[PDB]
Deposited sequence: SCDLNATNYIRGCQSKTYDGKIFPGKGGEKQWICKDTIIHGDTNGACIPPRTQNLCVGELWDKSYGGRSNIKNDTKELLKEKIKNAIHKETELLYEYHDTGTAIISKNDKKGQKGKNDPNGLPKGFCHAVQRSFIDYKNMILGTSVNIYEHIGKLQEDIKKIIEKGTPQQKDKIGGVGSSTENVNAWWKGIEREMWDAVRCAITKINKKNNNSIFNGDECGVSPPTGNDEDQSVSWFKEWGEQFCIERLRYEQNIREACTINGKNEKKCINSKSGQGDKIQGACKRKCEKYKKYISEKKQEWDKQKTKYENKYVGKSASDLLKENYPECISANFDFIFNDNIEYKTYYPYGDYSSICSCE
């Protein structure tokens, strides 16, 4: 059983801001961080999710006075405890972030939990795994210190045979770490009238390549945002207000230009991730990866949307939404 009514909050992990502050707060959103001269998985490149940049490290890190590792002298038991509490806090804060409709991917499916909450929780859990295993990305010098203290805690505190021990140690604690997620979900009962929550709603077992996991998150987000853009285009162009010359005008042209602008910024992110994915996973499509996972991606022709031919800019000014964004 879990720590049902036993409350525990940790300093350093406040309400999420990665897709923006929770209302009435505004802005403060993080962007996807793509880097050239970095290795992720086997190969070059990486795009870092806003959510990852907001990951709760709890008592693992001491932010006070310029920053320091809070696990330098820890036993592996106390380290495990500190990870478990961080994971438990991450789950609670992600629940609030998707319950309030602030997370982009939440803007109520199907076990009665907030849309996107389980995906986000699974994703953060994968991030914790890769942080502990030392197999993520070296973007933060402070997490570099964390994987390295973790490595030395495990090696001093287990019999030698070596990040092979760090790998076996994670495997031995994985079930317990996942129980921190299930436990935090059970505590939703205290909070929620939609259903009864047994804690298994985001999976009885932990999920399920972090680079692929990050790319999938990118996709889910892009496709949802894409449908919101369509929604606003149809509300402002559908009304058939076209100025004589007929060329679109006013609210319609505004909403259409917003999507055109959105696609232009997302293009670099698609190219980077698509290339990394497809030339690591030979014979596999980046388009298939997203479409087989997220129903919001089904209407998206990724090759059309991000097409780099010369004629496409002139004939399709607003991409795949050019027809709604035209006259007649």
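What the model leaves out of the deposited chain are the segments 108-116, 171-179, 227-230, 261-265, 273-277.
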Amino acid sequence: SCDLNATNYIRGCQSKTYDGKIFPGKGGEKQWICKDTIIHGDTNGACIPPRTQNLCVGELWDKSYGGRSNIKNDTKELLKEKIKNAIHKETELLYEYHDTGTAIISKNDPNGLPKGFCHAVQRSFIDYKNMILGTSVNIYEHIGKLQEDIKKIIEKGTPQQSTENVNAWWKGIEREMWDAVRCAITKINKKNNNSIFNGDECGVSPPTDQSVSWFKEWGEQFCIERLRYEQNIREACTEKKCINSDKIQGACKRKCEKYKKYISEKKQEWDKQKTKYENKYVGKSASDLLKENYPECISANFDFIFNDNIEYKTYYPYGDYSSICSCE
From here on, numbers count along this sequence of modelled residues.
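Whichever C-alpha set is largest while still superposing within 1.5 Å between the two forms counts as the rigid core.
The stretch that moves more in 4 other deposited structures of this protein, judged by CA deviation after a rigid core superposition and choosing between 115-123 and 134-142, is 134-142.
Comparing the two stretches 35-43 and 290-298 by root mean square C-alpha distance in 4 other deposited structures of this protein, with all structures fitted on the core, the more displaced one is 35-43.
Missing-residue comparison: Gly28 falls in the unmodelled set for none of the other PDB entries checked, so it is not missing from a third of them.
In at least a third of the other compared PDB entries of this protein that cover both flanking sides, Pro110 is left without coordinates. Between 313-321 and 16-24, it is 313-321 that carries the larger average Cα temperature factor according to the deposited entry. Between the stretches 280-288 and 48-56, it is 280-288 that shows the larger average CA temperature factor. Residue set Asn130, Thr102, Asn108, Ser205: peak C-alpha B-factor at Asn108 (per PDB entry). Highest C-alpha temperature factor among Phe222, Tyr140, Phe125, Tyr95 per the entry: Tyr140. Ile196 sits in the highest third of its chain by CA B factor, as recorded in the PDB entry. In the PDB entry, a CA B factor belonging to the lowest third of its chain's modelled residues is recorded for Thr91.
Ranked by C-alpha B-factor against the other modelled residues of its chain, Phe302 falls in the middle third. Split the chain's modelled residues into thirds by C-alpha temperature factor. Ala180 is in the lowest one. In the PDB entry, a CA B factor belonging to the lowest third of its chain's modelled residues is recorded for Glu217.
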